[PDB]
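Colleague: File name data31.tsv; file contents TSV, C-alpha atoms and all ligand atoms; full text below.
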```
chain	number	residue	atom	x	y	z
A	1	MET	CA	10.66	-26.69	-6.58
A	2	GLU	CA	12.82	-24.93	-3.95
A	3	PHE	CA	12.70	-22.05	-1.46
A	4	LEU	CA	15.63	-20.26	0.16
A	5	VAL	CA	15.74	-19.73	3.91
A	6	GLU	CA	17.75	-16.83	5.36
A	7	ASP	CA	18.13	-16.52	9.11
A	8	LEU	CA	18.92	-12.88	9.80
A	9	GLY	CA	19.00	-13.21	13.57
A	10	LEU	CA	18.17	-10.00	15.47
A	11	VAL	CA	17.74	-7.05	13.10
A	12	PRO	CA	16.35	-3.51	13.57
A	13	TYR	CA	12.96	-3.13	11.92
A	14	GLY	CA	13.99	-0.36	9.50
A	15	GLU	CA	17.05	-2.14	8.12
A	16	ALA	CA	15.17	-5.43	7.91
A	17	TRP	CA	12.41	-3.62	6.00
A	18	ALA	CA	14.92	-2.26	3.49
A	19	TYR	CA	16.23	-5.81	3.12
A	20	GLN	CA	12.70	-7.13	2.51
A	21	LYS	CA	12.36	-4.65	-0.35
A	22	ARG	CA	15.68	-5.67	-1.90
A	23	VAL	CA	14.80	-9.37	-1.66
A	24	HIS	CA	11.36	-8.64	-3.11
A	25	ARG	CA	12.83	-6.86	-6.13
A	26	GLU	CA	15.05	-9.88	-6.88
A	27	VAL	CA	12.15	-12.34	-6.64
A	28	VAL	CA	10.00	-10.10	-8.88
A	29	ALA	CA	12.86	-10.10	-11.41
A	30	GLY	CA	13.03	-13.93	-11.33
A	31	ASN	CA	16.60	-13.62	-10.06
A	32	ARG	CA	16.13	-15.24	-6.67
A	33	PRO	CA	14.08	-18.23	-5.50
A	34	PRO	CA	11.04	-17.79	-3.25
A	35	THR	CA	12.69	-16.69	0.00
A	36	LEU	CA	11.70	-17.13	3.62
A	37	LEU	CA	13.41	-14.63	5.91
A	38	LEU	CA	13.48	-15.66	9.57
A	39	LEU	CA	14.43	-13.14	12.22
A	40	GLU	CA	13.69	-11.22	15.40
A	41	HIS	CA	13.22	-7.48	15.84
A	42	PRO	CA	14.13	-5.21	18.75
A	43	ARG	CA	10.92	-3.91	20.41
A	44	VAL	CA	8.82	-2.23	17.75
A	45	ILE	CA	5.19	-1.25	17.16
A	46	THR	CA	3.96	-1.31	13.54
A	47	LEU	CA	0.71	0.11	12.19
A	48	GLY	CA	-0.71	-1.45	9.02
A	49	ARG	CA	-3.40	-0.61	6.47
A	50	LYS	CA	-6.30	-0.76	8.98
A	51	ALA	CA	-4.51	1.00	11.84
A	52	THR	CA	-5.54	4.34	13.37
A	53	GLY	CA	-4.46	6.45	16.36
A	54	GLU	CA	-7.06	4.61	18.45
A	55	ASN	CA	-4.79	1.52	18.23
A	56	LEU	CA	-2.25	3.19	20.52
A	57	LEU	CA	-3.13	3.58	24.19
A	58	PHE	CA	-0.50	6.27	24.78
A	59	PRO	CA	0.79	8.93	22.32
A	60	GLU	CA	3.40	7.79	19.78
A	61	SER	CA	5.99	9.78	21.76
A	62	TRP	CA	5.46	7.58	24.82
A	63	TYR	CA	6.46	4.45	22.90
A	64	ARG	CA	9.74	5.93	21.67
A	65	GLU	CA	10.50	7.27	25.18
A	66	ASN	CA	9.90	3.78	26.58
A	67	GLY	CA	12.12	1.68	24.33
A	68	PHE	CA	9.93	0.96	21.28
A	69	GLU	CA	10.51	1.91	17.70
A	70	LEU	CA	7.32	2.78	15.81
A	71	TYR	CA	6.46	2.60	12.08
A	72	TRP	CA	3.50	2.92	9.71
A	73	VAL	CA	3.54	0.13	7.12
A	74	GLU	CA	1.49	-1.20	4.16
A	75	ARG	CA	0.74	-4.76	5.35
A	76	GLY	CA	-2.75	-6.00	6.13
A	77	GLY	CA	-4.19	-5.59	9.63
A	78	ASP	CA	-3.90	-2.86	12.26
A	79	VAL	CA	-1.41	-2.54	15.12
A	80	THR	CA	1.09	-5.15	16.24
A	81	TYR	CA	4.19	-5.59	18.37
A	82	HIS	CA	7.45	-7.37	17.55
A	83	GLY	CA	10.22	-7.94	20.08
A	84	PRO	CA	12.87	-10.38	21.23
A	85	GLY	CA	11.58	-13.94	21.50
A	86	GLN	CA	9.09	-13.48	18.69
A	87	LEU	CA	9.92	-15.38	15.53
A	88	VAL	CA	9.17	-13.06	12.63
A	89	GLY	CA	8.96	-14.67	9.18
A	90	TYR	CA	8.76	-12.80	5.89
A	91	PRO	CA	7.92	-15.19	3.05
A	92	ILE	CA	8.77	-13.24	-0.09
A	93	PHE	CA	7.10	-15.61	-2.53
A	94	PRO	CA	5.73	-15.30	-6.09
A	95	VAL	CA	2.05	-15.74	-5.13
A	96	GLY	CA	0.50	-13.95	-8.12
A	97	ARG	CA	-3.17	-13.11	-7.68
A	98	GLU	CA	-4.04	-15.72	-5.03
A	99	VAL	CA	-3.39	-13.84	-1.77
A	100	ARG	CA	-6.16	-15.55	0.27
A	101	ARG	CA	-4.74	-18.97	-0.62
A	102	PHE	CA	-1.28	-17.77	0.42
A	103	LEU	CA	-2.59	-16.56	3.79
A	104	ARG	CA	-4.23	-19.94	4.33
A	105	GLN	CA	-0.92	-21.69	3.61
A	106	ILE	CA	0.95	-19.53	6.14
A	107	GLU	CA	-1.80	-20.33	8.65
A	108	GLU	CA	-1.53	-24.05	7.87
A	109	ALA	CA	2.25	-23.97	8.37
A	110	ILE	CA	1.88	-22.33	11.78
A	111	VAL	CA	-0.87	-24.79	12.81
A	112	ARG	CA	1.57	-27.60	11.92
A	113	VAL	CA	4.34	-26.02	13.99
A	114	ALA	CA	1.96	-25.81	17.00
A	115	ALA	CA	0.93	-29.44	16.50
A	116	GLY	CA	4.62	-30.42	16.68
A	117	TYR	CA	4.63	-29.05	20.26
A	118	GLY	CA	1.41	-30.91	21.17
A	119	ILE	CA	-0.60	-27.69	20.81
A	120	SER	CA	-3.96	-27.52	19.04
A	121	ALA	CA	-4.08	-24.24	17.11
A	122	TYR	CA	-6.48	-22.96	14.47
A	123	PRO	CA	-6.88	-20.05	12.08
A	124	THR	CA	-10.45	-19.59	13.42
A	125	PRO	CA	-13.30	-18.78	11.03
A	126	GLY	CA	-13.43	-15.14	12.08
A	127	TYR	CA	-10.08	-13.80	13.32
A	128	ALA	CA	-6.90	-13.09	11.35
A	129	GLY	CA	-3.81	-14.95	12.60
A	130	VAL	CA	-3.49	-18.29	14.39
A	131	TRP	CA	-5.13	-18.91	17.74
A	132	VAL	CA	-4.95	-21.35	20.65
A	133	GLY	CA	-8.39	-21.12	22.18
A	134	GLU	CA	-9.11	-17.48	22.92
A	135	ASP	CA	-5.47	-16.33	22.61
A	136	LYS	CA	-3.47	-15.32	19.53
A	137	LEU	CA	-0.31	-17.37	19.06
A	138	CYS	CA	0.79	-15.90	15.73
A	139	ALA	CA	-0.10	-12.63	13.98
A	140	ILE	CA	-0.28	-12.61	10.19
A	141	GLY	CA	-0.26	-9.54	7.93
A	142	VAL	CA	1.09	-9.45	4.39
A	143	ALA	CA	1.46	-7.17	1.41
A	144	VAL	CA	1.65	-8.21	-2.24
A	145	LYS	CA	3.23	-6.09	-4.95
A	146	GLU	CA	3.93	-7.14	-8.54
A	147	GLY	CA	2.66	-10.61	-7.62
A	148	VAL	CA	5.28	-11.13	-4.90
A	149	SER	CA	4.50	-11.14	-1.19
A	150	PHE	CA	6.27	-9.38	1.67
A	151	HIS	CA	5.70	-8.87	5.39
A	152	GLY	CA	4.38	-12.16	6.77
A	153	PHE	CA	3.88	-13.62	10.24
A	154	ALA	CA	5.02	-13.22	13.84
A	155	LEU	CA	5.02	-16.38	15.97
A	156	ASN	CA	5.26	-15.86	19.71
A	157	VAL	CA	7.95	-18.24	20.93
A	158	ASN	CA	9.46	-16.60	24.06
A	159	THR	CA	7.94	-13.15	23.55
A	160	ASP	CA	7.45	-10.70	26.38
A	161	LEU	CA	3.69	-10.85	26.07
A	162	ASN	CA	3.26	-7.97	28.52
A	163	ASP	CA	4.42	-5.66	25.73
A	164	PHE	CA	1.13	-6.26	23.85
A	165	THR	CA	-0.90	-4.58	26.59
A	166	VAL	CA	0.09	-1.07	25.42
A	167	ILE	CA	-1.51	-1.56	21.99
A	168	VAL	CA	-5.21	-1.78	21.27
A	169	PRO	CA	-6.33	-3.87	18.25
A	170	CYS	CA	-9.65	-2.97	16.59
A	171	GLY	CA	-12.29	-5.25	15.09
A	172	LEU	CA	-13.13	-8.91	15.65
A	173	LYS	CA	-10.71	-10.73	17.96
A	174	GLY	CA	-10.31	-13.18	20.80
A	175	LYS	CA	-9.37	-12.23	24.32
A	176	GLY	CA	-5.58	-12.31	24.57
A	177	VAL	CA	-2.20	-13.34	23.24
A	178	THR	CA	-0.07	-16.37	23.96
A	179	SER	CA	3.29	-17.92	23.15
A	180	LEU	CA	4.91	-21.36	23.00
A	181	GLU	CA	6.65	-20.43	26.27
A	182	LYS	CA	3.39	-19.51	27.99
A	183	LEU	CA	1.61	-22.64	26.75
A	184	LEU	CA	4.46	-24.98	27.67
A	185	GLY	CA	5.63	-23.28	30.91
A	186	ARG	CA	9.23	-22.93	29.68
A	187	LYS	CA	11.28	-21.22	26.99
A	188	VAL	CA	11.61	-22.99	23.63
A	189	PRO	CA	14.91	-22.59	21.76
A	190	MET	CA	14.58	-20.07	18.92
A	191	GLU	CA	16.84	-22.23	16.71
A	192	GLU	CA	14.35	-25.09	17.06
A	193	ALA	CA	11.28	-22.94	16.36
A	194	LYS	CA	13.01	-21.73	13.17
A	195	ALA	CA	13.75	-25.32	12.11
A	196	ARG	CA	10.16	-26.36	12.75
A	197	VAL	CA	8.85	-23.43	10.72
A	198	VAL	CA	11.11	-24.32	7.78
A	199	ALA	CA	9.90	-27.93	7.84
A	200	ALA	CA	6.26	-26.81	8.00
A	201	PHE	CA	6.69	-24.39	5.09
A	202	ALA	CA	8.43	-27.13	3.09
A	203	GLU	CA	5.49	-29.50	3.64
A	204	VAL	CA	2.68	-27.01	3.09
A	205	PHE	CA	4.13	-25.36	-0.03
A	206	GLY	CA	5.60	-28.61	-1.38
A	207	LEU	CA	9.04	-27.05	-1.84
A	208	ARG	CA	12.55	-28.17	-0.86
A	209	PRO	CA	14.34	-25.82	1.54
A	210	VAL	CA	17.84	-24.65	0.66
A	301	LIG	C1	4.74	-9.63	10.21
A	301	LIG	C2	3.42	-10.00	10.87
A	301	LIG	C3	2.62	-8.76	11.27
A	301	LIG	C4	1.19	-9.13	11.68
A	301	LIG	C5	0.29	-7.91	11.88
A	301	LIG	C6	-1.09	-8.32	12.39
A	301	LIG	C7	-2.01	-7.12	12.58
A	301	LIG	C8	-3.48	-7.55	12.42
A	301	LIG	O1	-4.34	-6.68	13.16
```
Just give me the structure as structure tokens.

Modeller:
Amino acid sequence: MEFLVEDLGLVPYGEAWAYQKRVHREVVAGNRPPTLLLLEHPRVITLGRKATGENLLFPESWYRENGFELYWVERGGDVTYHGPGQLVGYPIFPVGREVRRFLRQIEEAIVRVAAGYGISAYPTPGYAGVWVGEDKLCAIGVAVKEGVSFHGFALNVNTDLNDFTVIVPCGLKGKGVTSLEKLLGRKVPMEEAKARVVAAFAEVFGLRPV
């Protein structure tokens, strides 16, 4: 009937990852409610289950020399970027076997958040994540272990979208990437985007936020 929200603020990817795993273990054990972590990461490139070297334009060494951290991870999808201004959410929820349903619920929540800003977004029939026309507003890539999810979504609020140009997604996709800031012509407060996400998750999952 409830989910717990934790706002971690700005946290390094590696430490936040360790925290994900600790939270996950507690949810698996039935010792913590379904938990939504909200946060930002310092500039980082991550490479998921479908990622290869072709997803990086430059060598890995270039990224680290130019202010990115870089990690290989077990979430769905290929390469992505997280950085300041991007609202990263890790719903660590007891989803059981129904992963596709869970993805659709994350998508629905993000579509609702966009609608709150007057923005028409959609999952699309063919591309992972949530899109506004031909541009990706929110990336989504999860992992599920012992029936509990981790990783999650990355909503571009005030992201430096130029940072996506150095990575090269593979497979079926639209043309570009976008953010609330780009769509609206002004920065949107991160505190507000977090609040809107919590409300959307509450509505979609039918749970009370604590
Ligand atoms: C935490 C959200 C990461 C989304 C990764 C999307 C990569 C799909 O190619």

Colleague: Within 9 Å of ligand LIG 301 (chain A) (counting only C-alpha atoms and all ligand atoms), which residues show up? I'd like them as a tab-separated table (two decimals) with C-alpha atoms, in the coordinates of the input.

Modeller:
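What ended up in out01.tsv:
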```tsv
chain	number	residue	atom	x	y	z
A	46	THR	CA	3.96	-1.31	13.54
A	47	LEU	CA	0.71	0.11	12.19
A	48	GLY	CA	-0.71	-1.45	9.02
A	50	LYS	CA	-6.30	-0.76	8.98
A	51	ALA	CA	-4.51	1.00	11.84
A	75	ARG	CA	0.74	-4.76	5.35
A	76	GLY	CA	-2.75	-6.00	6.13
A	77	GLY	CA	-4.19	-5.59	9.63
A	78	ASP	CA	-3.90	-2.86	12.26
A	79	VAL	CA	-1.41	-2.54	15.12
A	80	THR	CA	1.09	-5.15	16.24
A	81	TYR	CA	4.19	-5.59	18.37
A	82	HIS	CA	7.45	-7.37	17.55
A	88	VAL	CA	9.17	-13.06	12.63
A	89	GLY	CA	8.96	-14.67	9.18
A	90	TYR	CA	8.76	-12.80	5.89
A	128	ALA	CA	-6.90	-13.09	11.35
A	129	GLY	CA	-3.81	-14.95	12.60
A	138	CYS	CA	0.79	-15.90	15.73
A	139	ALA	CA	-0.10	-12.63	13.98
A	140	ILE	CA	-0.28	-12.61	10.19
A	141	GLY	CA	-0.26	-9.54	7.93
A	142	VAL	CA	1.09	-9.45	4.39
A	150	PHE	CA	6.27	-9.38	1.67
A	151	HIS	CA	5.70	-8.87	5.39
A	152	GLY	CA	4.38	-12.16	6.77
A	153	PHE	CA	3.88	-13.62	10.24
A	154	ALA	CA	5.02	-13.22	13.84
A	155	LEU	CA	5.02	-16.38	15.97
A	169	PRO	CA	-6.33	-3.87	18.25
A	170	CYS	CA	-9.65	-2.97	16.59
A	171	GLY	CA	-12.29	-5.25	15.09
A	173	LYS	CA	-10.71	-10.73	17.96
```

Colleague: Mind giving me the straight-line distance from atom CA of residue 137 of chain A to atom CA of residue 198 of chain A in Å, one decimal?

Modeller: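 Rounded to one decimal, the two atoms are 17.5 Å apart.
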
Colleague: With distances taken over all atoms listed in the file, which residue among A:96, A:87, A:41, A:29 lies nearest residue 192 of chain A?

Modeller: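 Ranked by minimum distance to residue 192 of chain A, first place goes to A:87.
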
Colleague: For atom CA of residue 184 of chain A and atom CA of residue 158 of chain A, determine how far apart the two atoms are, in Å to one decimal place.

Modeller: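 These two atoms are separated by 10.4 Å.
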
Colleague: How many Å lie between atom CA of residue 146 of chain A and atom CA of residue 100 of chain A, rounded to one decimal?

Modeller: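 Straight-line distance from atom CA of residue 146 of chain A to atom CA of residue 100 of chain A works out to 15.8 Å.
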
Colleague: Here is a test: counting only C-alpha atoms, which residue of A:10, A:92, A:172, A:161 is nearest to residue 35 of chain A?

Modeller: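 Of A:10, A:92, A:172, A:161, the one nearest residue 35 of chain A, counting only C-alpha atoms, is A:92.
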
Colleague: Choose the residue, out of A:65, A:108, A:54, A:98, that has the smallest atom-to-atom separation from residue 201 of chain A; count only C-alpha atoms.

Modeller: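 The answer is A:108, which sits nearest to residue 201 of chain A.
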
Colleague: Between A:84, A:133, A:176, A:118, which is the closest to residue 157 of chain A once you count only C-alpha atoms?

Modeller: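 Closest candidate: A:84.
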
Colleague: So which one's closest to residue 179 of chain A, A:104, A:136, A:64, A:25? Using only C-alpha atoms, please.

Modeller: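 Going through A:104, A:136, A:64, A:25 one by one, the smallest distance to residue 179 of chain A is for A:136.
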
Colleague: So that I can see what lies close to residue 206 of chain A, please list as a list in words the residues with an atom at most 12 Å from it, counting only C-alpha atoms and leaving out residues fewer than 4 positions away in the same chain.

Modeller: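 Answer for this query is residues 1, 2, 3, 105, 109, 198, 199, 200, 201 and 202 of chain A.
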
Colleague: Which residue is closest to residue 24 of chain A? Choose from A:83, A:126, A:9, A:147 and count all atoms listed in the file.

Modeller: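 For residue 24 of chain A, the nearest of the given residues is A:147.
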
Colleague: Fix up segment 76-96 of chain A with N, CA and C atoms, then write it as a CSV table (one decimal), in the frame of the given file.

Modeller:
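Written output follows (selection-v4.csv):
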```
chain,number,residue,atom,x,y,z
A,76,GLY,N,-1.4,-5.8,5.6
A,76,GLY,CA,-2.8,-6.0,6.1
A,76,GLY,C,-2.8,-5.9,7.6
A,77,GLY,N,-4.0,-5.6,8.2
A,77,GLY,CA,-4.2,-5.6,9.6
A,77,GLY,C,-4.0,-4.2,10.3
A,78,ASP,N,-4.1,-4.1,11.6
A,78,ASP,CA,-3.9,-2.9,12.3
A,78,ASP,C,-2.6,-2.8,13.0
A,79,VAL,N,-2.6,-2.7,14.3
A,79,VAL,CA,-1.4,-2.5,15.1
A,79,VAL,C,-0.9,-3.9,15.6
A,80,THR,N,0.5,-4.0,15.6
A,80,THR,CA,1.1,-5.2,16.2
A,80,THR,C,2.4,-4.8,16.9
A,81,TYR,N,2.9,-5.7,17.7
A,81,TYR,CA,4.2,-5.6,18.4
A,81,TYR,C,5.1,-6.7,18.0
A,82,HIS,N,6.4,-6.4,17.7
A,82,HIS,CA,7.4,-7.4,17.6
A,82,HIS,C,8.5,-7.1,18.6
A,83,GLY,N,9.1,-8.1,19.1
A,83,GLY,CA,10.2,-7.9,20.1
A,83,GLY,C,11.0,-9.2,20.2
A,84,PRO,N,12.1,-9.2,21.0
A,84,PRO,CA,12.9,-10.4,21.2
A,84,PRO,C,12.0,-11.6,21.7
A,85,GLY,N,12.3,-12.7,21.1
A,85,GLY,CA,11.6,-13.9,21.5
A,85,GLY,C,10.4,-14.2,20.6
A,86,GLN,N,10.1,-13.3,19.7
A,86,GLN,CA,9.1,-13.5,18.7
A,86,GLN,C,9.7,-13.8,17.4
A,87,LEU,N,9.4,-15.0,16.8
A,87,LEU,CA,9.9,-15.4,15.5
A,87,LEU,C,9.1,-14.7,14.4
A,88,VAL,N,9.8,-13.8,13.8
A,88,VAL,CA,9.2,-13.1,12.6
A,88,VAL,C,9.6,-13.8,11.3
A,89,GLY,N,8.6,-14.1,10.5
A,89,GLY,CA,9.0,-14.7,9.2
A,89,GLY,C,8.4,-13.8,8.1
A,90,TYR,N,9.2,-13.5,7.1
A,90,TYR,CA,8.8,-12.8,5.9
A,90,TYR,C,8.9,-13.7,4.7
A,91,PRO,N,7.9,-14.4,4.3
A,91,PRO,CA,7.9,-15.2,3.0
A,91,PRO,C,7.7,-14.2,1.9
A,92,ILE,N,8.8,-14.1,1.1
A,92,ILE,CA,8.8,-13.2,-0.1
A,92,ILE,C,8.7,-14.2,-1.3
A,93,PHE,N,7.5,-14.5,-1.7
A,93,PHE,CA,7.1,-15.6,-2.5
A,93,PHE,C,6.3,-15.1,-3.7
A,94,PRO,N,6.5,-15.7,-4.9
A,94,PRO,CA,5.7,-15.3,-6.1
A,94,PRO,C,4.3,-15.9,-6.1
A,95,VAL,N,3.4,-15.3,-5.4
A,95,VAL,CA,2.0,-15.7,-5.1
A,95,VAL,C,1.0,-15.4,-6.2
A,96,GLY,N,1.4,-14.4,-7.1
A,96,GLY,CA,0.5,-14.0,-8.1
A,96,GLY,C,-0.7,-13.3,-7.5
```
